[PDB]
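Hydrogens, waters and symmetry mates are skipped; everything else that's a heavy atom, side chains included, is used. Protein chains get the first letters and strands the later ones, always in sequence-line order, with residue 1 at the start of each.
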Amino acid sequence: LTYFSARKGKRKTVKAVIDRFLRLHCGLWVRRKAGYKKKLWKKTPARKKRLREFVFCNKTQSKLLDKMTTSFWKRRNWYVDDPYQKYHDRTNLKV
Amino acid sequence: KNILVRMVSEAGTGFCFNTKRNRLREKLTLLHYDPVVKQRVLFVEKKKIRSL
Amino acid sequence: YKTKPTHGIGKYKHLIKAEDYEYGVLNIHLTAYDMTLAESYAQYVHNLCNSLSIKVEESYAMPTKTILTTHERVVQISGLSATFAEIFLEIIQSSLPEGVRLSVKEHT
Amino acid sequence: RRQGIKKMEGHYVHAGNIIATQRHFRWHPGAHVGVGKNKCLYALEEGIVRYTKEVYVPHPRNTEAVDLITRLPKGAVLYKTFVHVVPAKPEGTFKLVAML
Amino acid sequence: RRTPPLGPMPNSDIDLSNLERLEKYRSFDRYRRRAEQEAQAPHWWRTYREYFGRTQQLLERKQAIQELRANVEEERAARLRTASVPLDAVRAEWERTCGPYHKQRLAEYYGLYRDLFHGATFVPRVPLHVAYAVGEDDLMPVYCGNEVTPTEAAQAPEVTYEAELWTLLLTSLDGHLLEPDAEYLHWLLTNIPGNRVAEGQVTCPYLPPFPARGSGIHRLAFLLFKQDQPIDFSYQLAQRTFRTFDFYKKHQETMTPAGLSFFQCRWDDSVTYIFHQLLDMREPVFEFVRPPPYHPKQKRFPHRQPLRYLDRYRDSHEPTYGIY
Amino acid sequence: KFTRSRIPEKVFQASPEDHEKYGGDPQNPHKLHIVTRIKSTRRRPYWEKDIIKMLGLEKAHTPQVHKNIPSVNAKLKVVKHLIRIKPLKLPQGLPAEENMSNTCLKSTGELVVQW
Amino acid sequence: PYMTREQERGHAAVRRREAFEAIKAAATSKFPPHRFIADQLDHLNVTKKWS
RNA sequence: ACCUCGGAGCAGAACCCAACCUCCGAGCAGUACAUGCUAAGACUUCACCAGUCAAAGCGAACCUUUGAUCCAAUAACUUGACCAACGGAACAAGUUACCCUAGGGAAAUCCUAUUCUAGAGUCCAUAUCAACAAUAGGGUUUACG
RNA sequence: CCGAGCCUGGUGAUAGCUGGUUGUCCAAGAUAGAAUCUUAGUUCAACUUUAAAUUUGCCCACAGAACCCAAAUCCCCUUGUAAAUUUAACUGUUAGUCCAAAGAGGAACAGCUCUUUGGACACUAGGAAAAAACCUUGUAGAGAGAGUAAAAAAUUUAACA
RNA sequence: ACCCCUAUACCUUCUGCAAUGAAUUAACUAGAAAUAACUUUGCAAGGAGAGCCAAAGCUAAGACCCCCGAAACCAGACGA
Ligand SMILES: [Mg+2]
Ligand SMILES: [Mg+2]
Ligand SMILES: [Mg+2]
Ligand SMILES: [Mg+2]
Ligand SMILES: [Mg+2]
Ligand SMILES: [Mg+2]
Ligand SMILES: [Mg+2]
Ligand SMILES: [Mg+2]
Ligand SMILES: [Mg+2]
Ligand SMILES: [Mg+2]
Ligand SMILES: [Mg+2]
Ligand SMILES: [Mg+2]
């Protein structure tokens, strides 16, 4: 990515990441499963159910996405009826 | 070979689902569960989606 | 498991066989005027064989021949002892009901 | 393929845990052990996993096994390895909710 | 390496080269019977059980059978598969002949022996009969393992038994509310003269069954003891609680159990009446509470898990806002 | 392949000739081993190296006292080609608290409470 | 062997538990050391002279 | 010729593995049209992607071989070709001794001589030569269409 | 100095390639799977380092793991032990060499090509003549003390009743 | 002093010794920085000298990302 832009000197965001991943504020990244819309007629119902799910990313995947986005995408957003408002925070987590 | 076809509900709903039928075989009419109506209803073949 | 004392506790194929003067293969041919009589005598001889523990392989029949028709039956037998063959044959002789032709012919 | 036993004898197992993955029926489901479509053995209860050898009585509809068992000598008994889950916790307890 | 078997391997005794000369299982049912026999038989390997465990009378019977067979009507009905059997007569005859053994089986299955005498068993020689009069016209019986509501058991039951003294006792093996092992006595007649029961010594007055709501199903036992010579004995739970074990230890020299009849009681409105009117206390309500579902330790990064993973560990479903 | 070696149990069944030769009574066996490492763990498998570390025999020729119990003996059996085992002999019994600081391990294997 | 495998079972369990308790205590007692005003102020002595 | 996947050899006893390699077949077919929806807990081709199993619950009835993203089309549900070099450049082959640069590197199957004597040697082995084998000595070749 | 002149500029072109990369001292520190227009590279994993939190971790005695029809391995009460897991941050190494062993590459003894188990080398010292891979042995300094480890090749034959 | 005994130059690249570089001296000649973290201050449900972040955070500082080298390509000049 661009660590220092030529016009502002700022770090840039890889917009391919924004078009694909949702960041929960605690540091979790949510994504869709690859192929979840592809050739559903030849997939078993269990496979389709697995593919239709919103899925968390690895620690290293999350670290990569954090590096590839800027701090703007990592802020608290108080959207009106955000479906992920409850998921934006972790509860009863030990280490 | 077989072709993937779009069985469209005869219950008036926009619900359609995809099946496979032989090209040489006659157009399909089949009982299937309608989620919107919550009842088994007839479905008719509308158009050929592809040729597999 | 191989190292355990219970090794081979589940083997079964050794219990399945899928494939001292004694006779060979014996064919008993029963030609009869009556289908019912021929069938009844075939049943009787088969019951005698499987009660005397005789290895019976086949109970088929020849095609009908017309020159009225005579029905033909075959009984396959293997395994005979010295006195056992005598008793078996004499019982057959004394139990032949009416006008039937026996045979002790061999294969081929 | 990475198949085989996932939980050996004595291992604590939670409901739903896959006990063994297999291509044939090397291990058979015992008590509180279910079978998936692919013959995988999973635990139906929470408890300890035990492996035993038990007499095998195939389902009558299993024509091949019935033929095998009818072609068998009069004294023989088939044996198979079975996997059981010995449940640990009780189904529940009765608790005083209210002194009306 | 190969460790030799620690005993006779199965299918080894019959392992012979004369397979063709060996009679086979022509049928599935004979193999099933043999397999059940083998399963019952003990083994040196690990098994599922390890973990989840007069002459004149004979002559009369033969003659009676001969007469019944000779009766042509009986043969015609049997061959026409239309004959029937007198259930009441069969019941009485079974009670006399081998009913006590079946009742001992029932008691062992219901755990009455293990819970009352710490495993010490006996046989109910006396075909006792108990029945709680419902209304006036009929009376619900108490067999070995019956099901009777506390409404029907509100008043003391009529007892009949063809015998000659007797001590009759009623316990609730599992109705206790404080101590798991103890049990409540409901009514106890002692020194019964022969068959008549109204003359019995009412040491502890009659109590109806009181199984708490949602507390399951309780088993109540009528015990009957043959008595050689009378002995002087001795609405509060502390005095209704007692253990049949040491109670019968204190009287086993002259008392011997010869009758049993037990039944199952559920909750009923009569139990509310019992708890309030005469026990004079708030009735306890119990609920069957299953253990909380197991979840693995929550991870910081629930890789490949669905979004529901976070819900599996959150406690409150209502939105929270922290410092804001 | 090279693997762990399973020593047959008959190897560790002493004979009366062995009893006479080495002077140990099978009845009333000795309580404690004195084990010294006398061979390098280099060019030995990692499991032997690990057992040596567990037993605390990293320094050669440095006696270490261990219990004569089946688990310790199993580890010692794993590394028996690298060590010398001699019974600990207590002619005056185990030392008392008074003379705990006046003991000495004689080369014969005897812990003497005078030194 | 002096003891059998059944006799030795659990005979050292108490000591092993106490030793691991000590290990856990050492592992969980890790924390930054104290800081003292005396240590901060003693640095002023780098310019201590003779009057 | 192959490149992906699956089954068998190929690994004797958890897994993993003999890559390269050998054989076979699949880019599906049949069936059903709840062969739905949801959901504890798990497995996993050693990463990820992806791929599996599944209790409980709800609802109907009463399963046995592959391909991502973007992009297109569809009101949408969903669908599509290419990606088969099958983790896939959207679309590009031959050739350079006219070349340049940056670097790197340099057992079987053959022959010779002894041994057994087969035997030639006029007959006769051992005057001479010599077969198959053995012994030595020298050289060539390899698991790969 | 022409298979395409020269100069200047873009230009500090680009280089997965070569070469180089400068005080002292201590410490931890090893071969390893996947994908890749990829095998002279990289990314993930594994390993590695630091910091942190917590509680178990390794070894393992039984018991246990299939029919078709060997050596061992897995799993864990003890026990010996003191580590392990998790959290945060992170580079670098990673398509090696040799030795012992078991196998495959056509029912191929050796040679090669691979797979697996283990060791060693890239790390000290002693020895085997010299000596990366064999044997002995390692945790660091000084001593004009001592006990040892491995460590020395063997062989000299033809009478005959 | 030598004679005695011990001792297979250095760097870099190879799995490891062969290969690379070095006449020698002096001078010059090569690790530049963010996303987070961590540490130490300040203040604290608030921090910050507008903007930004905040479910103990925020602000500030400290620590960390080399040098030389092609054949080339293009533009504009200069050259018979
Ligand atoms: Mg395969
Ligand atoms: Mg996996
Ligand atoms: Mg490709
Ligand atoms: Mg590819
Ligand atoms: Mg030319
Ligand atoms: Mg020129
Ligand atoms: Mg450059
Ligand atoms: Mg070091
Ligand atoms: Mg590609
Ligand atoms: Mg490269
Ligand atoms: Mg030079
Ligand atoms: Mg001119």
Side-chain angles (χ1 to χ4, degrees), chain A residues 3-4 11 33-35 37-40 45-47 49 58 60-61 63 66-67 70-71 75-76 89 95, chain B residues 2 4 6 14-19 30-33 35 38 40 49-50, chain C residues 1-4 8 10-14, chain D residues 1-6 8-11 14-18 21 24 26-27 34 36-38 40 42-44 50-51 80-81, chain E residues 1 46 293-296 300 308 312 320-324, chain F residues 1-4 6 40 42-47 50-51 53-56 60 66-67 69-72 74-75, chain G residues 5 8-10 12-13 16 19-20 23-24 27-28 30:
Chain A
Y3 303 91
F4 300 99
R11 185 192 193 96
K33 283 208 77 77
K37 278 195 315 301
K38 299 296 291 181
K39 295 184 286 294
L40 295 187
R47 185 173 174 184
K49 168 71 154 56
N58 279 117
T60 72
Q61 297 173 346
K63 198 75 184 65
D66 280 340
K67 290 179 188 176
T70 58
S71 54
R75 72 187 302 272
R76 285 307 282 244
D89 276 326
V95 180
Chain B
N2 309 149
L4 188 80
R6 186 180 295 172
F15 188 68
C16 323
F17 74 114
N18 307 343
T19 56
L30 179 65
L31 263 175
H32 185 91
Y33 159 59
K38 193 68 174 67
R40 284 177 167 178
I49 300 169
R50 65 148 306 175
Chain C
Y1 194 70
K2 282 187 172 180
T3 73
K4 292 289 150 176
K11 67 176 70 173
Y12 61 95
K13 283 299 294 178
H14 73 121
Chain D
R1 65 184 68 82
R2 276 82 178 163
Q3 277 171 349
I5 277 173
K6 312 301 178 186
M8 294 281 187
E9 201 207 16
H11 278 240
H14 297 275
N17 288 7
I18 294 183
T21 55
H24 318 309
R26 170 166 180 183
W27 313 279
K37 295 186 287 186
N38 61 347
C40 291
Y42 61 97
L44 287 166
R50 298 297 184 194
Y51 292 82
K80 297 282 188 180
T81 315
Chain E
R1 59 172 179 167
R46 307 287 75 71
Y294 160 76
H295 296 297
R300 174 101 75 200
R308 329 183 286 268
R312 296 169 189 157
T320 172
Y321 298 82
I323 63 165
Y324 310 101
Chain F
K1 302 190 203 307
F2 182 50
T3 57
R4 285 84 177 276
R6 288 178 29 84
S40 196
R42 306 229 62 202
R43 312 160 192 283
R44 298 310 311 175
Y46 67 89
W47 58 82
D50 295 352
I51 295 287
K53 277 178 49 55
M54 294 161 187
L55 295 169
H66 277 288
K67 297 158 153 173
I69 60 179
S71 49
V72 174
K75 288 190 181 65
Chain G
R5 211 159 258 278
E8 74 167 358
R9 198 162 284 116
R16 296 177 90 259
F20 183 49
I23 291 168
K24 284 198 296 188
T28 58
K30 199 160 52 170

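- Nucleic acid contact class of E:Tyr324 (heavy atoms, under 4.0 Å, all strands): base.
- To the nearest 0.5 Å, the span separating CZ on B:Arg6 from CD1 on B:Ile49 amounts to 5.0 Å.
- Separation of the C1' atoms belonging to I:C26 and I:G20 is 28 Å when rounded to the nearest angstrom.
- For the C1' atom pair drawn from H:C99 and H:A107, the interatomic distance equals 48 Å after rounding to whole Å.
- For the strand neighbours I:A40 and I:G41, base stacking is absent under the 5.5 Å centre-distance and 30-degree plane-angle rule.
- Taking 3.5 Å as the limit, the base of H:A13 and the side chain of E:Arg1 contain no donor-acceptor pair of atoms between them.
- With the rule of ring centres under 5.5 Å apart and planes tilted under 30°, the neighbouring bases I:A95 and I:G96 are not scored as stacked.
- Within 4.0 Å (heavy atoms only), D:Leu44 reaches sugar-phosphate atoms of the nucleic acid but no base atom.
- Atom NZ in A:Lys63 sits roughly 14 Å away from atom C1' in I:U91 (whole-Å rounding).
- Judged by the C1'-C2'-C3'-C4' torsion, which is negative here, the sugar of J:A33 sits on the south, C2'-endo side.
- In this step of the strand, J:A33 does not stack on J:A34, since the centres of their six-membered base rings are not under 5.5 Å apart with ring planes meeting at under 30°.
- Side-chain atoms of F:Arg44 stay outside donor-acceptor range of the base of I:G118, with no qualifying N/O pair under 3.5 Å.
- The P atoms of I:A13 and J:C38 are separated by 41 Å, rounded to the nearest whole Å.
- Because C1'-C2'-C3'-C4' is positive for I:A88, its sugar is assigned to the north class.
- H:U78 sits 24 Å from H:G30 when the P atoms are compared, rounded to a whole Å.
- In this structure, J:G31 shows a glycosidic angle within 90 degrees of zero, which is the syn conformation.
- Between I:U21 and J:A23, the distance separating the two P atoms is 16 Å to the nearest Å.
- For the pair D:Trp27 and F:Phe2, nearest-nucleotide mapping onto RNA chain I gives the more 5' position to D:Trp27.
- The base-pairing partner of J:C17, taking Watson-Crick or G-U wobble contacts with both distances under 3.5 Å, does not exist among the strands shown.
- A distance of about 12 Å separates the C1' atoms of I:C62 and I:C75, rounded to the whole Å.
- Aromatic stacking is marked for G:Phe20 over I:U56, as both cut-offs hold: 5.5 Å for the centres and 30° for the planes.
- Contact between the side-chain N/O atoms of E:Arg300 and the OP1/OP2 oxygens of I:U86 is not found at any separation under 4.0 Å.
- Rounded to an integer number of Å, the gap from A:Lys67 NZ to I:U43 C1' is 12 Å.
- Across all strands shown, I:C114 is found opposite I:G103 as a Watson-Crick or G-U wobble partner, with both distances under 3.5 Å.
- In terms of polar N and O atoms assigned as donor or acceptor, the side chain of C:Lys11 never comes within less than 3.5 Å of the base of I:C67 in a complementary pairing.
- At the heavy-atom level, C:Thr3 lies under 4.0 Å from base atoms of the strands shown.
- With both distances required under 3.5 Å, I:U155 does not pair with I:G5 in Watson-Crick or G-U wobble fashion.
- Using the rule of two distances under 3.5 Å, H:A130 and H:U117 count as a Watson-Crick or G-U wobble pair.
- Between J:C67 and J:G76, the two P atoms lie 33 Å apart (nearest whole Å).
- When the rule of centres under 5.5 Å and planes under 30° is applied to the neighbouring bases of I:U11 and I:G12, their six-membered rings do not qualify as stacked.
- H:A102: no Watson-Crick or G-U partner with both key distances under 3.5 Å is found in any strand.
- Under the Watson-Crick or G-U wobble criterion, with both distances below 3.5 Å, J:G69 is paired with I:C17.
- For the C1' atoms, the distance linking H:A118 with H:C110 amounts to 24 Å, nearest Å.
- Against the 90° criterion about 0, the sugar-base torsion of I:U156 places it in the syn range.
- Base engagement by B:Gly14 is indicated by at least one non-hydrogen atom pair under 4.0 Å involving a base atom.
- For I:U79, its base sits under 3.5 Å from the side chain of F:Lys75 at one donor and acceptor pair at least.
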